[PDB]
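Visitor: After the structure tokens below, expect a handful of questions from me.
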Amino acid sequence: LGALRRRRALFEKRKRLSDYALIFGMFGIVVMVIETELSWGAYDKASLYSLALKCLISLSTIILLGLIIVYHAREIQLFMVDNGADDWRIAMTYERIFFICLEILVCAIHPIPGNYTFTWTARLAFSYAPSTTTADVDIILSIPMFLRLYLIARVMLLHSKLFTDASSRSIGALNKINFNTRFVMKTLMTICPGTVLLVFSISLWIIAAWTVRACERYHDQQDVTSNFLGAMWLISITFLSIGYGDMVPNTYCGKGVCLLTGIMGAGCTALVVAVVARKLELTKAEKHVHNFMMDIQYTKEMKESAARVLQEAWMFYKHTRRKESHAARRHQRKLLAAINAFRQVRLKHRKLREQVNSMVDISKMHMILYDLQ
Amino acid sequence: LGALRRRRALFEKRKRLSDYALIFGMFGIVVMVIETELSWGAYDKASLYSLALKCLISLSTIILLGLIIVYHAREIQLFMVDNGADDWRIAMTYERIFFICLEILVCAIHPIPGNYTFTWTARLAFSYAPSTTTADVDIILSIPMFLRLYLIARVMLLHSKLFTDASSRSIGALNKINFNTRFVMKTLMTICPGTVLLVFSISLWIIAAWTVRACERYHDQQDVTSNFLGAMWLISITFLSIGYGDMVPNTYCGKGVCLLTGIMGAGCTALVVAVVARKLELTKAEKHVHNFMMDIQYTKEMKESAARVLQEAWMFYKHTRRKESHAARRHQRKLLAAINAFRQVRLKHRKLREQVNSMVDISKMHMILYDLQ
Amino acid sequence: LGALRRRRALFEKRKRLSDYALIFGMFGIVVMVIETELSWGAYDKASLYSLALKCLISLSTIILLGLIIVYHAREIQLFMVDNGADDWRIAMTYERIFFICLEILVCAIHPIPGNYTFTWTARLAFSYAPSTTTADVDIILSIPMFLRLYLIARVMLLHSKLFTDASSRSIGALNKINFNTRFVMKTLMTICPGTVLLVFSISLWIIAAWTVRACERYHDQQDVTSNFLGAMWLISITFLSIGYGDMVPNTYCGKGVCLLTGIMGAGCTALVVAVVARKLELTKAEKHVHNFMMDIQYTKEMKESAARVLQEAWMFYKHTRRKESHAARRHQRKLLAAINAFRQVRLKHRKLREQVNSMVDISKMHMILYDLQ
Amino acid sequence: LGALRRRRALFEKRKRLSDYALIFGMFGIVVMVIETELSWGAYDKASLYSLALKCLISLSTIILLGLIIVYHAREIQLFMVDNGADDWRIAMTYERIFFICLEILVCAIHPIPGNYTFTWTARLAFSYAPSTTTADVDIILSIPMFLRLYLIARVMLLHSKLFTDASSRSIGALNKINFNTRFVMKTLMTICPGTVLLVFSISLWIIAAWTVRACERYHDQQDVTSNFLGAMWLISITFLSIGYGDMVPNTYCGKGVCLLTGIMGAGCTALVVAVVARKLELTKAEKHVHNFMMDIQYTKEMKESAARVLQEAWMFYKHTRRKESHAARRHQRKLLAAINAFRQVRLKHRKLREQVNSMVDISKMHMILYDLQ
Amino acid sequence: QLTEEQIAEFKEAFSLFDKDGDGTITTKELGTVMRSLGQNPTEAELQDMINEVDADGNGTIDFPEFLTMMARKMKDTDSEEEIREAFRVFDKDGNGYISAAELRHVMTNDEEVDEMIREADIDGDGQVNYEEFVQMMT
Amino acid sequence: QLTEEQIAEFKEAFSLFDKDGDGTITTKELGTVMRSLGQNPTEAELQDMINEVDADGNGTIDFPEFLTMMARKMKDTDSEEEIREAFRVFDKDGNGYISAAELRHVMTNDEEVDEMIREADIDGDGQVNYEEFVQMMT
Amino acid sequence: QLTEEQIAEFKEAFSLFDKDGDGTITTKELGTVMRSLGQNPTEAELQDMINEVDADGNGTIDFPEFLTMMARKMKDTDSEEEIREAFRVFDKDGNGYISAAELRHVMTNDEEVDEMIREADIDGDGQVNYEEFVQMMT
Amino acid sequence: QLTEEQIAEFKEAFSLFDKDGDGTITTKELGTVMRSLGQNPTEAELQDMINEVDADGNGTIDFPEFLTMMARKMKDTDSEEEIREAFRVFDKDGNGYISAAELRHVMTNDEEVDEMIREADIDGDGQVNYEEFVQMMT
Ligand SMILES: [Ca+2]
Ligand SMILES: [Ca+2]
Ligand SMILES: [Ca+2]
Ligand SMILES: [Ca+2]
């Protein structure tokens, strides 16, 4: 019982540290976007506004890396509590150390204060003409700052109710269920699959469009792919795999982003269609009402269809005996059509009874077994 | 019983008002299309024909907004009858007021009489050259007039039989079914899914093609996307996500319409394929006939395949004993092939019996339970 | 019994007439293709070779229309035999007369002998430049000759075994099955769905490629879409909805053919994927063997995984008691990893038992019910 | 029992010969890639480095063809052992001889030492301008060397455990299962479908990109499709059927490779989506835990939703009796909304019980039948 | 009479319906054939549908009766079955005799129907039977 | 009173629920209609739901009672059913009488609830019943 | 004799078929193994398929008999099984003896078949058995 | 001791497992909870899994025992269960005592295993039990 109190205390600290890691992780991204946009026209990289704003990203990265280090120090202590270990070294595996260093490397990439430049040469689309420009070195460091969005998944898991509830843990234990980040993903895709796919698509739309515009503003002098509204159209048409049109990226950064959008859009659209297809499908209760009303409709149609069979047959017989030829021939054509129409509604009614019996098959089985008891 | 008479009376008024709202809603759209086409070449915006035709749209919008106001005044009275309220204010919620104002705003957008112009600058496709033209202000008001098509869905729901039939209401009540606009959509996609998708695709084809041509006639001087027949090809290829070719829109209005066509076509084609796939599938009754005739075919094939096994075996034995070598070797190769062919038809017959037993599984279960009774 | 002999006699005549209608229907198409290709470079439309070859199409159309008239005269007589009518006029309905005239109109379109020309103006792709040429009038009549391929479906139905077999008719009658052209289509998509889709795709590939090249040889002076091998690439990429590249048609005939290819390819590829998906799925018999061998594999894996649990646990205990710290710590890390690996194989084994019981559910139900008997 | 020892001995030789055929098959491909890359800029076809490297491919082809001949000589001996034949000619069928010659023809295509050239004329994309170059004859022989990858499938089958295990053979024999190359493919797509599709896609990505660059380096003077990184983007966008952009191949070799990528990518992406869709689906055990926790959540929601019904109802009653009008009206609007919210959670709870009973249907059937025993 | 091939194929169908080969289709054979086709026919319906074409009334279907049934069922649409079904759905009470009240009722979905009754009651029994219905239909 | 068309359609619904046409909906007919809709209603629940609208208590639903039930069920949301369900879920013990302990318990998800009890106990029986609950709701 | 690894793997298969480890495959063990594979073998078919390779006739399959069965079943196609199935489908009556009438019948799907009968009837019993059929096949 | 919120949530879980609210988890309640989760536990397995954490042996699970079980099951992986499963799979005979022959057998998938046996047999009964196995594991 002692480790139960300690485990909850360490989980609360982990949840608190993951929240502050997202606060400083997203703050650095926001300041990076502000600084990237303003450093183009508002000021230059040699201004004190660029030094001040890039010192905000650098300062927030120091705090963010401190929260990542402390968070993993809490996971070491939680490992010792769960596994009954007293030495921290027993938790240090090759997979754990690699992922601790991977998170630090991902979260340590940011625009360093100071003006450094490199030569960027790209081949223009549709003209195949080289374009050499002196680009800042902070553009190759601003794009990887979007990899800090993995902290969103960490916050989602740590804030999930079934991840720590004593009722879901007990019920899941009886069924041998593993409560990990993959189980939370599967439950999200069953509760709200449309919301997850819609939020992901919109978030990817803005991020990919900004990355395309940010990379293709150095080599675009005609406001084609450097325009934010022209980059949102490019990302959307690539998402739907329509094409590129005239919005073919001039840089391999924009070509890679468009490739990533095409891969994500190949599966996202297919999953969205599946969600809509199962959302337009009548439930079991609604299918029984639809079949009940269809049966009443078909019974009424069979009464009027057979009434037309006799109505045309009597008129055909009356005209034939009354020495009428053209009228009798016309009502024999109508009698044949009435017989065919009566047969058609009789067959579509028979198909409905087959469908009704197919769905009501195992419920009738239960009733029989109850009677045998 | 008193509220039963009043509820039917108020529903008849609502159905009657929704019909006249579609008459004046579609009339304004039709006159808008006529006026837009003729104001290009037949006359100019300073003509008395433009004033007369734009006064028809304005007059029809006044009547349409009056029918929307009265229709929602009937929904207030129906709310009071259903919920047993005597004060109209109890029906006024935030969601209701927002949607009442939303419908008025949507239905009040139309080309105002009078000549007003604005400067429209667009970047030409494939050349990235600016094109500044003095466009009329009635083009940004004509396109939103297509949002009045929501009255079609209102008319479809209010004219639906199960929405008001006393038999469907009683049967649905026992099964706790909600009769709303979503239930009508689901029943339409089960009764006639092909007709709904075909009508929607054709209606979107004409409307999107006209919107693309109407927006891209100011900046197209080469009759590429300004041609109606060249805009129908652009909409169709974007619908199928083939591409754009040389028909890349010069305006963001035509790019937005093509984006909307791509989104709708991503799901419409997938739903159409599902409809065709379930339409080419043999029913349960037709599968039993196909399996019955396949079983007879396989039994006849096994008789001829085993007859070839013995026919080649006897010839092989005869030639071997008759001091023949090349002939015996040839008929041993045929005997091995006959044995393999006999085995193949025997295995494909065995697979058919497995399929027959798999489908006839629960029907045999019912027969056994009936016997136990 | 008398009408049984007459019905078989009339069906044999109908099958014989449908075969000769395909012989002359395809002969006119073949001569049209030969004449179209040779009239471009080999000779001109004023040559006696064009008159001789176009008189072959015209003569074959006279014979083809005679076979269509006689075939429908046999269907009138078969209608009278089946429906017990003695007057041919009783068979003449509005739907029948419309389809008789539709077939005649379709089969009467061919290049008339004689040189007539019309002015063909098209807008070149990617340059939007007009191109006026004096085209022959036989190109707008050669393309509709491909509509005679509906006789292939007529021959397929009339040559089908279950359409006339006295065994399939009797079995189908008991199950109320309708033996029409749609039932034959559904049985073809269940027996050989891959062959039907492959033959259709290849046949459409050659026909659409030739139609694109034939229409776009008048306005193509650079051998782009007028090349047969460059038109096969255009048809295939549009079939897969990849795009157009530089192969955008200069004519609305080639744009319409590419649109038709895109529509057919949207569904053909989806159906092909479904066929392959159900072809890579293990059958019920093969799944039981796979599960049986997986169960033996998991049982052997659990023996070695638990043996590692005890092997590392004993080494950890031995080193701990032997006053060893670094070695004991290392083998405690291995013991924890061995316990996790043992748990993983234990869980994946448990999932296999769940899958085995899920598939073997109704077969066990049958055994219990047999015992109760 | 004697043939059991011989069959295992011949199978070990076949497995050993298939391994060495892959060693020399892949070695010739690797040397071909090295020689093709270096013959462009490092040296010329008249150098002694080209003669030395092309003599390595030629020498490895002699050894590879010797291993193919010997491997098929072992299959002849295994045929005689299995079928009880004493003469090798009985194994020689038309299908076997054709495939023996097909493998030799495929594996004998390689760059012959010596400098031979041919005139290669291609039409440039987007400009339709002819480009005549004197190309080496070893480029039309280097590409077919990638057809030696069929030996990978032979090695995979011969190294498979269930292909020769005496336990899988006995279990499969009882179930009439055929252990061929198609059964191994189906088991791979059920065990690791994601790994098979990922490895195939990556392997095709590198091979198709190199083939496109190798073919389109003679007619590309602007480093568009001749660039390896620009050819990987072209292959990927064609794989996803996005489009071509400006990367339209100038040669029919690169157009054919892009066509092959489009066909493979049409099905590979659809299969990948199906794998992901069935990977995000909750298992039967995980669905029972999710439904159990949802039921507890809905029961708690119904307690708070009905408590709001009474809380608002009492406040409405209190204000009405207390001579308050505006407050009573406001709490009657809240009472109606609380009743609607209580009904909504009651209906979504009822849907959950329906889903719970639908999945727990046949398990309850088993329990009843056990009781009857 | 029919040709050799038609007779052979009709005999093949008859032997498909005749498992034991005794030359007559017992109701058990028809029942097992129908059950093999996924249907669940009761004994009453089985007997009712086996005496529809049983001309001699012996209780079994010989080859001539099967040939007559096939001649009736080879066409796409059989008028006798549709007329019988129309008469059945007309007969709400199910006694086999459609009363004048039912005749009036089936039209609301006066003098004309009275004339129909007068000209359909060939035997003058005061009602309409199946034979009168098929006489009026033809 | 209702018009002719409304009366006709309500009679059509009643005859849908009344197979034998005797003019009253026996619990067997309601049970078979519900079973035809995929539901599995027990006899106890069937009787409980058939006496909800049974005004005269004869055990069967005549046309006026069916008309009253339809007037109750024609609207999208019926307040009586929701108030009844709220009272049911309040009654944890299931005896039909919600005690003060349950009233206190359902709020934790003191003086105010005591005032609610005081003003809801119209008959002064020391507890709250369904009639008091619906009186407080309205 | 077989090597060590082959003997070990064949013993592994035998122990897979031999749950109790007594050294003989009782028909119950074969039945439960087949039922674990989704099949439903009757006792008659189980006994018939267990005596196909039972050389000594003791009613159980020991290791040498299982080894012989595996030698028969390790190849992709076994000629003995196919010849047996051909003989079975030839025998319409199912008595184990294919009569001359059946031999004539199976060819229509005169002197040659008579010569086949003459050269196949090794024992001169007036008919053809399974041993004569396999002698003719080889 | 645990805080108020943890105690409340553990009591909520206990009441989820305790339908009648008597304060003890009878094997019937555990069985019905497991059956509600799609499992089919037999009475023997139910009793075996209910006495794993039953410290006092009274046959029911009170709140302290449920708290101990939750402390055991709150972590992602429980070492006691895995060690128990390893001991079970080691015990082929199922008698609860792993013999030296089984210890030798489980390694082939001599002196070292003999030393393991010598150092694991704490009580010197000539064999290894579950308590010795868990002592060696820790
Ligand atoms: Ca009657
Ligand atoms: Ca109470
Ligand atoms: Ca015989
Ligand atoms: Ca033991």
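Protein chains in written order, with the entry's author numbering: chain B, 118 to 490; chain C, 118 to 490; chain D, 118 to 490; chain A, 118 to 490; chain F, 4 to 112, 119 to 147; chain E, 4 to 112, 119 to 147; chain G, 4 to 112, 119 to 147; chain H, 4 to 112, 119 to 147.
Every residue gets a Cβ at the ideal spot worked out from N, C-alpha and C, and that includes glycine.
(1) Got a sec: does ligand 5 put a non-hydrogen atom nearer than 7 Å to the Cβ of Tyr139(H)?
(2) For a contact defined as C-beta to C-beta under 7 Å, what are the partners of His405(B) on chain E?
(3) With DSSP as the reference, label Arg425(D) as helix, strand or coil.
(4) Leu170(D): which of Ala455(D), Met149(D), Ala290(D), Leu182(D) sits nearest, CA to CA?
(5) Report yes or no: is there a C-beta of chain E within less than 8 Å of the C-beta of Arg271(C)?
(6) Could you please give the first and the last residue of the uninterrupted beta strand (DSSP E) stretch that includes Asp253(D)?
(7) What residue does the beta strand (DSSP E) around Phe235(A) start on, and which one ends it?
(8) Would you say the beta carbon of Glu105(H) comes nearer than 7 Å to a heavy atom of ligand 4?
(9) Checking contacts by CB at 8 Å: is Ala348(C) closer than that to chain B?
(10) Taking the continuous alpha helix (DSSP H) assigned at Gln472(A), which residues delimit it?
(11) Can you determine whether any heavy atom of ligand 4 sits closer than 7 Å to the C-beta of residue 115(H), and answer yes or no?
(12) Along the region 337 to 368 of chain B, what residues have a CB closer than 9 Å to any CB found in chain D?
(13) For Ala325(A), which residues in the same chain have their Cβ closer than 6 Å to its Cβ, ignoring the five residues on either side in sequence?
(14) List, in chain order, every chain B residue whose beta-carbon is nearer than 7 Å to that of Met146(F).
(15) Rounded to whole angstroms, what is the Cα-Cα separation between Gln144(H) and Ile131(H)?
(16) May I ask you to check if the CB of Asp94(H) is nearer than 7 Å to at least one heavy atom of ligand 4?
(17) With 8 Å as the threshold, decide whether the Cβ of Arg450(A) is near any Cβ in chain C.
(18) Give me the chain D residues within the contact set of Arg395(A), using Cβ-Cβ distance strictly less than 9 Å, ordered along the chain.
(19) With respect to the alpha helix (DSSP H) encompassing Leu170(D), which residues constitute its N-terminal and C-terminal limits?
(20) Answer yes or no: does any C-beta atom of chain G fall closer than 8 Å to that of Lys417(D)?
(21) Return the chain-ordered list of same chain residues with a C-beta closer than 6 Å to the C-beta of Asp255(C), the five sequence neighbours on each side being excluded.
(22) Select from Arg334(A), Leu268(A), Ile174(A) the residue whose C-alpha is nearest the C-alpha of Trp237(A).
(23) What residues from the region 190 to 217 of chain B come within 7 Å of chain D, judged by C-beta to C-beta, listed N to C?
Guide: Let me spell this out:
(1) This structure lacks ligand 5; its bound ligands are ligand 1, ligand 2, ligand 3 and ligand 4.
(2) Numbered from 1 along the first sequence, position 288 holds the residue referred to as residue 405(B). Result: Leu40, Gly41.
(3) Reading the third sequence from its first residue, position 308 is the one you call residue 425(D). It is helical.
(4) Indexing the third sequence from 1 puts residue 170(D) at position 53. Out of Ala455(D), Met149(D), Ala290(D), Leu182(D), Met149(D) has the C-alpha closest to the C-alpha of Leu170(D).
(5) Residue 271(C) sits at position 154 when you count from the first residue of the second sequence. Taking Cβ atoms only, chain E never reaches closer than 8 Å to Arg271(C), which makes this a no.
(6) The residue given as residue 253(D) occupies position 136 in the third sequence. Here the beta strand (DSSP E) through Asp253(D) covers 247 to 253.
(7) As a first step, residue 235(A) must be located in the fourth sequence, where it is residue number 118. From DSSP, the beta strand (DSSP E) with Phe235(A) extends over 234 to 240.
(8) Locating residue 105(H) in the eighth sequence gives position 102, where the first residue counts as 1. Within the cutoff, so yes.
(9) Walking along the second sequence from the start, residue 348(C) turns up at place 231. It does not: the Cβ of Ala348(C) has no partner Cβ on chain B nearer than 8 Å.
(10) What you label residue 472(A) is simply residue 355 of the fourth sequence in a count that begins at 1. That run of the alpha helix (DSSP H) goes 443 to 476.
(11) Absent here is residue 115(H), because the residues of chain H run from 112 on to 119 with nothing modelled in between.
(12) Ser358, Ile359, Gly360, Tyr361
(13) Counting from 1 along the fourth sequence, the entry for residue 325(A) is found at position 208. Closer than 6 Å at Cβ, skipping near neighbours: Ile352, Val374, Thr378.
(14) Taking the fifth sequence and counting its residues from 1, the one referred to as residue 146(F) is at position 137. Per Cβ cutoff of 7 Å: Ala430.
(15) Position 135 of the eighth sequence holds residue 144(H). Position 122 of the eighth sequence holds residue 131(H). For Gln144(H) and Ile131(H), the distance between alpha carbons rounds to 9 Å.
(16) Here residue 94(H) corresponds to residue number 91 of the eighth sequence, with the count starting at 1. Yes - ligand 4 has a heavy atom lying nearer than 7 Å to the Cβ of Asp94(H).
(17) The residue given as residue 450(A) occupies position 333 in the fourth sequence. Answer yes: the Cβ-Cβ gap between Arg450(A) and chain C drops below 8 Å somewhere.
(18) The count along the fourth sequence starts at 1 and reaches residue 395(A) at position 278. Result: empty, since nearest Cβ-Cβ is about 11 Å, beyond 9 Å.
(19) Translated into the one-based positions of the third sequence, residue 170(D) becomes position 53. Element bounds for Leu170(D): 165 to 200.
(20) By one-based count along the third sequence, residue 417(D) stands at place 300. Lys417(D) does not count as touching chain G.
(21) Reading the second sequence from its first residue, position 138 is the one you call residue 255(C). Around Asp255(C): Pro228.
(22) By one-based count along the fourth sequence, residue 237(A) stands at place 120. For the residues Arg334(A), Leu268(A), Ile174(A), the minimum Cα distance to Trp237(A) belongs to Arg334(A).
(23) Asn200, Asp204, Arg206, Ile207, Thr210
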